[PDB]
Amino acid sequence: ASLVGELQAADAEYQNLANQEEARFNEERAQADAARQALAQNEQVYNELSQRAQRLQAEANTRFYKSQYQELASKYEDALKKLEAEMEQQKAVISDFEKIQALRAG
């Protein structure tokens, strides 16, 4: 027979939970925005490196240093794959956030 206490307890919790949930949302958004920018950088770098890599592998055959060309071309090919994977994670952080933002509303 102390119903008045339990309610003020539930309110305390409710005030906090509401603040923590909102803080988390903002953090998750902060991260998605960062990813949006980071992705734009990799978007451009991937371009030249991808451009460079096709060039190397194109000249390579008639270069005096064919081997060194084919070797460096291969080194870019691997770095390109690694970057391509990193970009996929970024796109995922962004999208995943948008989906959550979307459904957390309508």
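All residue numbers refer to positions in the sequence shown, first residue = 1.
A summary of the deposited B-factors shows that, of 24 to 32 and 76 to 84, the stretch with the larger mean C-alpha value is 76 to 84. Relative to its counterpart among 11 to 19 and 92 to 100, 11 to 19 has the higher mean temperature factor, C-alpha atoms as listed in the PDB entry.
Ranked by C-alpha B-factor against the other modelled residues of its chain, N61 falls in the lowest third. Split the chain's modelled residues into thirds by C-alpha temperature factor. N47 is in the highest one.
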